[PDB]
Amino acid sequence: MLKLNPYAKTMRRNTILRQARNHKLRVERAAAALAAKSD
Amino acid sequence: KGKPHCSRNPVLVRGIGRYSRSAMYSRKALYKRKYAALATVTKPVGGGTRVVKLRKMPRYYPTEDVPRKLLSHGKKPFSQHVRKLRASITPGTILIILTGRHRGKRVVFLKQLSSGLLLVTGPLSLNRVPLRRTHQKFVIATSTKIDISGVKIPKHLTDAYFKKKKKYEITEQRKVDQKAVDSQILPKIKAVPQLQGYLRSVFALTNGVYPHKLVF
Amino acid sequence: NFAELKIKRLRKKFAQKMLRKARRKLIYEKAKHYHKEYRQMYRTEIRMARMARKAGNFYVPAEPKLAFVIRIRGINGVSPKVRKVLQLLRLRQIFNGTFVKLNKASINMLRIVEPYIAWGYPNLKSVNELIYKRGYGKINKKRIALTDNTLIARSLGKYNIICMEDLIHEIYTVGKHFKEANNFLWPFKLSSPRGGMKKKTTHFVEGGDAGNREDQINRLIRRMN
Amino acid sequence: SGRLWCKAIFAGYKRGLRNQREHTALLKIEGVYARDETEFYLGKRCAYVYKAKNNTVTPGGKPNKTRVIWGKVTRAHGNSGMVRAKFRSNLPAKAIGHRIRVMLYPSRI
Amino acid sequence: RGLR
RNA sequence: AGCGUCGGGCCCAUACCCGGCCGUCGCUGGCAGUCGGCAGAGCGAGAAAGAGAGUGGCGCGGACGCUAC
RNA sequence: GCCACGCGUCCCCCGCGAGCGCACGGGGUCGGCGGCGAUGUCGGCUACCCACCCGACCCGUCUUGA
RNA sequence: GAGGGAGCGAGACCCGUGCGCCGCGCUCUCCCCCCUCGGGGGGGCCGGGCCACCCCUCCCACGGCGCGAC
Ligand SMILES: [Mg+2]
Ligand SMILES: [Mg+2]
Ligand SMILES: [Mg+2]
Ligand SMILES: [Mg+2]
Ligand SMILES: [Mg+2]
Ligand SMILES: [Mg+2]
Ligand SMILES: [Mg+2]
Ligand SMILES: [Mg+2]
């Protein structure tokens, strides 16, 4: 795919970092939910 | 002159770096790193001296030759291959050695070797089964592990140790290896109740028992 | 001598190396600029809506420039007025596909053969899948595979069409040089539909597959590819 | 020291109404009646056994009369626990309604 | 030459 | 296991797809370049054309090949 | 986060650096293995007979139609 | 799992080697530091725009409202 269209490195390099960061936020919201009911 | 450093950019996925080449020019620090710009042998004789040749052309040629072959690229050999392993099989787990003349027996795993074949030992005392190799593909993983972490089993044993030659007599060294691993493990298996009975016992199917259906 | 010639031959290869690199960097920059383009195109069509509803009116979007046609039935016993049209659209085999720019002239023919085809308005991903996976150019009257850009530059360099991406751009934006871009493409040999078909004979509205099924063509492509 | 294989019956070949493509074979395994269930057996080595008049070799032993045709469970067939299987040589129709020993030892676990 |  | 309205799932044709093989047609395609101590082994590449003359400033070596009906 | 990095000169405003490895890369390889055997055993498509499963109306001809 | 002579290099001061085109990119030819047990693994090494937060307001597009003009 790169031999034909090389920009795919950046297009598939992003959309990974994005997802990991957003996964961190999902977990942070769950722990803060436990903090809100407990506190 | 410089010792070889590791790859600077980490691996996220096979063949894709984490960082971009523009941050990389910096990290490598290219801003301050620009550049610009036998066959004949002499020998003595008891005459003169003879200048002999090495690697002389062959005295006979054959009647016809096969041609050259093309360069394929990705085909590494077996020694150099990477060796996989299932999640179930960790050292300690109990295996069902299904196929060989030692059929359906229950036996403890020690270690994957370089080749990828499994080191297995159905305690010779109990099962009458020595240190034997097997293959993963022909083996069931039970969920009944034990904490085998603390023994310093010898390094010397290996694939070439188990490799066939071409009568078989049992070596004293073989007897030592068996005895040496036994003295270490046997109390842990005799500590847990009924388990030595289970090990002496052999696995075997019977009526109304279907592998897909049941679970273990 | 074979001294000065060696050094000269090295300069010639070095020049052609730098040239190939430069074409590579150029290619990259066209593609990133088109990503920015597509993103903009998609957002604005919503923004027009939100603001329209705020005022209380209705936003009517533009008519679709492009349609993706598929022949669903076979070669036996077909009216000759049809056959002529069909072979003008290059639909000689069953489960063959073609792109078609729209206008009164084309749409009246597709009306005349409604029962034999299934068409609609295809999405961008479907265009990628089709071109990339099954791209085969008509080069010197020969069905040759679209595996390197050289094969394109030789033929279409005169329209500044150097790569798969520019091709895509023209297709989705039905630009100037559609005729040449499509006539370059060999009729798409699509396979039989995974999952199945509802009923070959009848129109969509009476529960069939023929005729205009605007967007559901994408679902059908995913089942056929 | 016991039964180390699941039972299956050779129901018939792959076939339409008036044509049978006998290079493929249909198994009906005992106690399995759903496509969920047949995902276990995938990949497994089947083995049709038979016995013949004259004495033949036997690997690891003296020559027996028994012989074998090895095979392989290809993929599921149908919705009610039937299953396709492709044997290395094509099967005889005599065997219709008989036993085949599906083994276990290409495990998928 | 600028690379130099 | 009938009648009417419908869902998922599922079955196979010498039809469709991917791959192997035979023959024919088309490209009026390519190949006489096996140019060897008179040698230096390329001319598939996005862009009309030249690996062009000159003149001032030790060891003796290198596979197949082409009945051109 | 960036396929952004001599100096001098030009514009708008403030033609030769070499070196070494990895591989989803112009069509599969192992530099990996195991069993049987000199008088009853191995291979032997075709061709000899028998069995089973499915398929299957006797040829030539005139004929719109066998 | 069809196919089977792709050549790399060194150059008329040599005569080799058969991992070679296209394509992705690691280290050394800079210098320091850090961690797990000489080997293995890390942090990096300085300049410049851009967008990131907050204060100001220019050009075009489209929509709405108001005053005014034809
Ligand atoms: Mg299906
Ligand atoms: Mg019948
Ligand atoms: Mg028996
Ligand atoms: Mg068929
Ligand atoms: Mg084909
Ligand atoms: Mg007659
Ligand atoms: Mg007649
Ligand atoms: Mg008559």
# chains A, B, ... in the order shown; residues from 1 in each chain; ligands from 1
$ interface_residues --of "chain A" --to "chain B" --cutoff "12 Å" --atoms "only C-alpha atoms" --output "count of residues only"
11
$ residues_around --residues "stretch 48-54 of chain H" --least-positions-apart "4" --cutoff "10 Å" --atoms "only C-alpha atoms (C1' of nucleotides)" --output "count of residues only"
4
$ residues_around --residues "residue C:12" --least-positions-apart "6" --cutoff "10 Å" --atoms "only C-alpha atoms (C1' of nucleotides)" --output "list in words"
residues 6 of chain C; 15 and 16 of chain G
$ residues_near_ligand --ligand "ligand 3" --cutoff "9 Å" --atoms "only C-alpha atoms (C1' of nucleotides) and all ligand atoms" --output "PyMOL selection string"
chain D and resi 49-51+64-66
$ interface_residues --of "chain B" --to "chain F" --cutoff "12 Å" --atoms "only C-alpha atoms (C1' of nucleotides)" --output "list in words"
residues 38, 39, 40, 41, 42, 51, 52, 53, 54, 55, 56, 57, 61, 62, 63, 64, 65, 66, 67 and 68 of chain B
$ write_last_selection --atoms "C-alpha atoms" --output "PDB file, in the first residue's frame"
ATOM      1  CA  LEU B  38      46.081 -14.745  -3.645  1.00  0.00           C
ATOM      2  CA  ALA B  39      45.223 -17.550  -6.047  1.00  0.00           C
ATOM      3  CA  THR B  40      48.862 -17.981  -7.029  1.00  0.00           C
ATOM      4  CA  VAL B  41      51.255 -19.470  -4.514  1.00  0.00           C
ATOM      5  CA  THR B  42      55.036 -19.614  -4.685  1.00  0.00           C
ATOM      6  CA  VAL B  51      54.672 -20.953  -8.779  1.00  0.00           C
ATOM      7  CA  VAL B  52      51.750 -23.356  -8.247  1.00  0.00           C
ATOM      8  CA  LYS B  53      48.054 -22.410  -8.346  1.00  0.00           C
ATOM      9  CA  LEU B  54      45.244 -22.998  -5.895  1.00  0.00           C
ATOM     10  CA  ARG B  55      41.687 -23.817  -6.903  1.00  0.00           C
ATOM     11  CA  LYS B  56      42.428 -25.176 -10.358  1.00  0.00           C
ATOM     12  CA  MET B  57      39.618 -25.856 -12.835  1.00  0.00           C
ATOM     13  CA  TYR B  61      32.897 -31.743 -17.150  1.00  0.00           C
ATOM     14  CA  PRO B  62      29.463 -33.282 -17.339  1.00  0.00           C
ATOM     15  CA  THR B  63      27.441 -33.562 -20.489  1.00  0.00           C
ATOM     16  CA  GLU B  64      24.702 -31.132 -19.518  1.00  0.00           C
ATOM     17  CA  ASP B  65      23.889 -28.673 -16.771  1.00  0.00           C
ATOM     18  CA  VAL B  66      20.755 -27.328 -15.115  1.00  0.00           C
ATOM     19  CA  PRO B  67      20.299 -23.560 -15.027  1.00  0.00           C
ATOM     20  CA  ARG B  68      20.491 -21.009 -12.202  1.00  0.00           C
TER      21      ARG B  68
END
$ residues_near_ligand --ligand "ligand 1" --cutoff "8 Å" --atoms "only C-alpha atoms (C1' of nucleotides) and all ligand atoms" --output "PyMOL selection string"
(chain C and resi 194-195) or (chain F and resi 10)
$ interface_residues --of "chain C" --to "chain H" --cutoff "7 Å" --atoms "only C-alpha atoms (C1' of nucleotides)" --output "PyMOL selection string"
chain C and resi 1-2+51+55
$ residues_near_ligand --ligand "ligand 4" --cutoff "10 Å" --atoms "only C-alpha atoms (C1' of nucleotides) and all ligand atoms" --output "PDB file with N, CA and C atoms (P, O5', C5', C4', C3', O3' and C1' of nucleotides), in the first residue's frame"
ATOM      1  N   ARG D  21     -21.327 -35.844  -5.848  1.00  0.00           N
ATOM      2  CA  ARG D  21     -19.921 -35.487  -5.963  1.00  0.00           C
ATOM      3  C   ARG D  21     -19.197 -36.208  -4.836  1.00  0.00           C
TER       4      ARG D  21
ATOM      5  P     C F  12     -24.546 -27.805  -0.692  1.00  0.00           P
ATOM      6  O5'   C F  12     -25.147 -27.774  -2.161  1.00  0.00           O
ATOM      7  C5'   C F  12     -25.611 -28.968  -2.766  1.00  0.00           C
ATOM      8  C4'   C F  12     -25.713 -28.855  -4.263  1.00  0.00           C
ATOM      9  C3'   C F  12     -24.467 -28.298  -4.933  1.00  0.00           C
ATOM     10  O3'   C F  12     -23.987 -28.992  -6.090  1.00  0.00           O
ATOM     11  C1'   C F  12     -26.374 -26.980  -5.470  1.00  0.00           C
ATOM     12  P     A F  13     -24.909 -29.784  -7.136  1.00  0.00           P
ATOM     13  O5'   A F  13     -24.359 -29.198  -8.510  1.00  0.00           O
ATOM     14  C5'   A F  13     -24.648 -27.860  -8.859  1.00  0.00           C
ATOM     15  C4'   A F  13     -24.922 -27.663 -10.317  1.00  0.00           C
ATOM     16  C3'   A F  13     -23.804 -27.037 -11.134  1.00  0.00           C
ATOM     17  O3'   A F  13     -22.803 -27.950 -11.541  1.00  0.00           O
ATOM     18  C1'   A F  13     -25.796 -25.875 -11.539  1.00  0.00           C
ATOM     19  P     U F  14     -21.287 -27.439 -11.700  1.00  0.00           P
ATOM     20  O5'   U F  14     -20.862 -27.752 -13.197  1.00  0.00           O
ATOM     21  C5'   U F  14     -19.713 -27.114 -13.751  1.00  0.00           C
ATOM     22  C4'   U F  14     -19.961 -26.496 -15.113  1.00  0.00           C
ATOM     23  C3'   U F  14     -21.242 -25.693 -15.242  1.00  0.00           C
ATOM     24  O3'   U F  14     -21.040 -24.562 -16.078  1.00  0.00           O
ATOM     25  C1'   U F  14     -21.203 -27.361 -16.897  1.00  0.00           C
ATOM     26  P     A F  15     -20.051 -23.369 -15.674  1.00  0.00           P
ATOM     27  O5'   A F  15     -21.034 -22.133 -15.510  1.00  0.00           O
ATOM     28  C5'   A F  15     -21.676 -21.594 -16.641  1.00  0.00           C
ATOM     29  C4'   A F  15     -22.409 -20.320 -16.339  1.00  0.00           C
ATOM     30  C3'   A F  15     -21.603 -19.281 -15.573  1.00  0.00           C
ATOM     31  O3'   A F  15     -21.002 -18.301 -16.389  1.00  0.00           O
ATOM     32  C1'   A F  15     -23.527 -19.807 -14.358  1.00  0.00           C
TER      33        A F  15
END
$ residues_near_ligand --ligand "ligand 7" --cutoff "8 Å" --atoms "only C-alpha atoms (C1' of nucleotides) and all ligand atoms" --output "PyMOL selection string"
chain G and resi 63-65
$ write_last_selection --atoms "N, CA, C and O atoms (P, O5', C5', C4', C3', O3' and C1' of nucleotides)" --output "PDB file, in the first residue's frame"
ATOM      1  P     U G  63     -35.598 -34.480 -44.569  1.00  0.00           P
ATOM      2  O5'   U G  63     -36.712 -34.523 -43.437  1.00  0.00           O
ATOM      3  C5'   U G  63     -38.088 -34.497 -43.760  1.00  0.00           C
ATOM      4  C4'   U G  63     -38.949 -34.742 -42.542  1.00  0.00           C
ATOM      5  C3'   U G  63     -39.103 -33.619 -41.546  1.00  0.00           C
ATOM      6  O3'   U G  63     -40.085 -32.683 -41.932  1.00  0.00           O
ATOM      7  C1'   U G  63     -38.608 -35.607 -40.411  1.00  0.00           C
ATOM      8  P     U G  64     -39.726 -31.121 -41.983  1.00  0.00           P
ATOM      9  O5'   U G  64     -39.230 -30.789 -40.524  1.00  0.00           O
ATOM     10  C5'   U G  64     -38.891 -29.466 -40.190  1.00  0.00           C
ATOM     11  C4'   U G  64     -39.391 -29.086 -38.833  1.00  0.00           C
ATOM     12  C3'   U G  64     -39.333 -30.168 -37.789  1.00  0.00           C
ATOM     13  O3'   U G  64     -38.056 -30.318 -37.220  1.00  0.00           O
ATOM     14  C1'   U G  64     -41.388 -29.062 -37.668  1.00  0.00           C
ATOM     15  P     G G  65     -37.392 -31.766 -37.088  1.00  0.00           P
ATOM     16  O5'   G G  65     -38.289 -32.538 -36.029  1.00  0.00           O
ATOM     17  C5'   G G  65     -38.304 -32.120 -34.687  1.00  0.00           C
ATOM     18  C4'   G G  65     -39.306 -32.845 -33.831  1.00  0.00           C
ATOM     19  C3'   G G  65     -39.117 -34.342 -33.778  1.00  0.00           C
ATOM     20  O3'   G G  65     -38.131 -34.640 -32.779  1.00  0.00           O
ATOM     21  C1'   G G  65     -41.409 -33.825 -34.206  1.00  0.00           C
TER      22        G G  65
END
$ residues_around --residues "residue C:107" --least-positions-apart "5" --cutoff "12 Å" --atoms "only C-alpha atoms (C1' of nucleotides)" --output "PyMOL selection string"
chain C and resi 65-67+69+85+100-102+112-114+119-120+211-212
$ write_last_selection --atoms "C-alpha atoms" --output "mmCIF file, in the first residue's frame"
data_model
loop_
_atom_site.group_PDB
_atom_site.id
_atom_site.type_symbol
_atom_site.label_atom_id
_atom_site.label_comp_id
_atom_site.auth_asym_id
_atom_site.auth_seq_id
_atom_site.Cartn_x
_atom_site.Cartn_y
_atom_site.Cartn_z
ATOM 1 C CA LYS C 65 -23.154 13.574 -9.946
ATOM 2 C CA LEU C 66 -22.373 9.871 -10.112
ATOM 3 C CA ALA C 67 -23.885 6.391 -10.248
ATOM 4 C CA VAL C 69 -24.233 0.399 -12.264
ATOM 5 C CA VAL C 85 -27.270 0.053 -24.873
ATOM 6 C CA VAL C 100 -21.265 6.487 -15.083
ATOM 7 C CA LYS C 101 -21.408 10.236 -14.905
ATOM 8 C CA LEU C 102 -24.950 11.495 -14.746
ATOM 9 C CA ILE C 112 -34.846 1.972 -20.694
ATOM 10 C CA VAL C 113 -33.007 -0.953 -19.132
ATOM 11 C CA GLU C 114 -34.240 -0.617 -15.529
ATOM 12 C CA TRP C 119 -27.667 1.257 -9.585
ATOM 13 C CA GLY C 120 -27.237 3.961 -7.047
ATOM 14 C CA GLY C 211 -33.694 -0.343 -10.245
ATOM 15 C CA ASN C 212 -32.595 2.606 -8.209
#
$ select_by_dssp --residues "chain A" --states "alpha helix (DSSP H)" --output "ChimeraX atom specification"
/A:8-13,17-38
$ closest_atom_pairs --of "chain F" --to "ligand 5" --cutoff "10 Å" --atoms "only C-alpha atoms (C1' of nucleotides) and all ligand atoms" --output "JSON lines"
{"residue": "F:17", "atom": "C1'", "partner": "ligand 5", "partner_atom_place_in_ligand_line": "1 (Mg)", "distance": 8.2}
{"residue": "F:18", "atom": "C1'", "partner": "ligand 5", "partner_atom_place_in_ligand_line": "1 (Mg)", "distance": 7.1}
{"residue": "F:19", "atom": "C1'", "partner": "ligand 5", "partner_atom_place_in_ligand_line": "1 (Mg)", "distance": 7.5}
{"residue": "F:20", "atom": "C1'", "partner": "ligand 5", "partner_atom_place_in_ligand_line": "1 (Mg)", "distance": 9.9}
$ residues_around --residues "stretch 85-97 of chain D" --least-positions-apart "5" --cutoff "8 Å" --atoms "only C-alpha atoms (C1' of nucleotides)" --output "PyMOL selection string"
(chain D and resi 9-12+22-27+46+69-75) or (chain G and resi 52-53)
$ interface_residues --of "chain B" --to "chain D" --cutoff "9 Å" --atoms "only C-alpha atoms" --output "list in words"
residues 86, 88, 98, 99, 103, 104, 136, 137, 138, 139, 140, 141, 202, 203, 204, 205, 206, 208, 210, 211, 212 and 213 of chain B
$ residues_around --residues "stretch 33-46 of chain G" --least-positions-apart "4" --cutoff "12 Å" --atoms "only C-alpha atoms (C1' of nucleotides)" --output "PyMOL selection string"
(chain B and resi 78+115+163-164+166) or (chain D and resi 54-63)
$ write_last_selection --atoms "C-alpha atoms" --output "PDB file, in the first residue's frame"
ATOM      1  CA  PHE B  78      13.826 -23.747  10.800  1.00  0.00           C
ATOM      2  CA  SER B 115      13.213 -26.434  18.917  1.00  0.00           C
ATOM      3  CA  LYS B 163      18.346 -36.512  19.292  1.00  0.00           C
ATOM      4  CA  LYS B 164      18.451 -40.076  18.066  1.00  0.00           C
ATOM      5  CA  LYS B 166      20.977 -43.635  13.725  1.00  0.00           C
TER       6      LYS B 166
ATOM      7  CA  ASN D  54      -4.364 -60.974   3.087  1.00  0.00           C
ATOM      8  CA  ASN D  55      -1.744 -60.094   5.650  1.00  0.00           C
ATOM      9  CA  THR D  56      -0.354 -56.572   5.614  1.00  0.00           C
ATOM     10  CA  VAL D  57       2.261 -54.613   7.483  1.00  0.00           C
ATOM     11  CA  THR D  58       1.544 -52.917  10.778  1.00  0.00           C
ATOM     12  CA  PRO D  59       3.717 -50.048  12.049  1.00  0.00           C
ATOM     13  CA  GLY D  60       5.377 -51.143  15.290  1.00  0.00           C
ATOM     14  CA  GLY D  61       4.416 -54.772  15.286  1.00  0.00           C
ATOM     15  CA  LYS D  62       3.930 -57.852  13.223  1.00  0.00           C
ATOM     16  CA  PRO D  63       1.775 -57.852  10.059  1.00  0.00           C
TER      17      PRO D  63
END
$ decode --residues "stretch 7-21 of chain D" --atoms "N, CA and C atoms" --output "mmCIF file, in the first residue's frame"
data_model
loop_
_atom_site.group_PDB
_atom_site.id
_atom_site.type_symbol
_atom_site.label_atom_id
_atom_site.label_comp_id
_atom_site.auth_asym_id
_atom_site.auth_seq_id
_atom_site.Cartn_x
_atom_site.Cartn_y
_atom_site.Cartn_z
ATOM 1 N N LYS D 7 -16.987 -41.307 17.884
ATOM 2 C CA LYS D 7 -17.680 -42.077 16.885
ATOM 3 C C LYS D 7 -18.335 -41.210 15.833
ATOM 4 N N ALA D 8 -18.231 -41.631 14.582
ATOM 5 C CA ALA D 8 -19.017 -40.988 13.546
ATOM 6 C C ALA D 8 -19.502 -41.982 12.517
ATOM 7 N N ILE D 9 -20.643 -41.682 11.920
ATOM 8 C CA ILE D 9 -21.217 -42.527 10.891
ATOM 9 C C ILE D 9 -21.126 -41.879 9.524
ATOM 10 N N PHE D 10 -20.792 -42.687 8.526
ATOM 11 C CA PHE D 10 -20.748 -42.220 7.139
ATOM 12 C C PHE D 10 -22.117 -42.236 6.504
ATOM 13 N N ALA D 11 -22.778 -41.094 6.586
ATOM 14 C CA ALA D 11 -24.150 -41.014 6.127
ATOM 15 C C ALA D 11 -24.267 -41.043 4.620
ATOM 16 N N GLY D 12 -23.395 -40.330 3.935
ATOM 17 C CA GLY D 12 -23.489 -40.258 2.496
ATOM 18 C C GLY D 12 -22.556 -39.202 1.959
ATOM 19 N N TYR D 13 -22.542 -39.109 0.645
ATOM 20 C CA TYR D 13 -21.734 -38.131 -0.041
ATOM 21 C C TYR D 13 -22.477 -36.807 -0.180
ATOM 22 N N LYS D 14 -21.719 -35.787 -0.534
ATOM 23 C CA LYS D 14 -22.260 -34.536 -1.020
ATOM 24 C C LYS D 14 -23.003 -34.749 -2.319
ATOM 25 N N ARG D 15 -24.239 -34.265 -2.391
ATOM 26 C CA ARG D 15 -25.039 -34.540 -3.571
ATOM 27 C C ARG D 15 -26.252 -33.655 -3.649
ATOM 28 N N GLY D 16 -26.549 -33.263 -4.866
ATOM 29 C CA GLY D 16 -27.857 -32.814 -5.252
ATOM 30 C C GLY D 16 -28.761 -34.001 -5.496
ATOM 31 N N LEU D 17 -29.956 -33.697 -5.982
ATOM 32 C CA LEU D 17 -30.942 -34.739 -6.215
ATOM 33 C C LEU D 17 -30.463 -35.802 -7.178
ATOM 34 N N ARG D 18 -29.957 -35.407 -8.339
ATOM 35 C CA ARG D 18 -29.600 -36.392 -9.347
ATOM 36 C C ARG D 18 -28.125 -36.337 -9.695
ATOM 37 N N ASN D 19 -27.302 -35.928 -8.756
ATOM 38 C CA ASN D 19 -25.878 -35.951 -8.995
ATOM 39 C C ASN D 19 -25.153 -36.004 -7.661
ATOM 40 N N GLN D 20 -24.214 -36.934 -7.490
ATOM 41 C CA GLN D 20 -23.409 -36.965 -6.276
ATOM 42 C C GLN D 20 -21.934 -36.772 -6.574
ATOM 43 N N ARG D 21 -21.327 -35.844 -5.848
ATOM 44 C CA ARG D 21 -19.921 -35.487 -5.963
ATOM 45 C C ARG D 21 -19.197 -36.208 -4.836
#
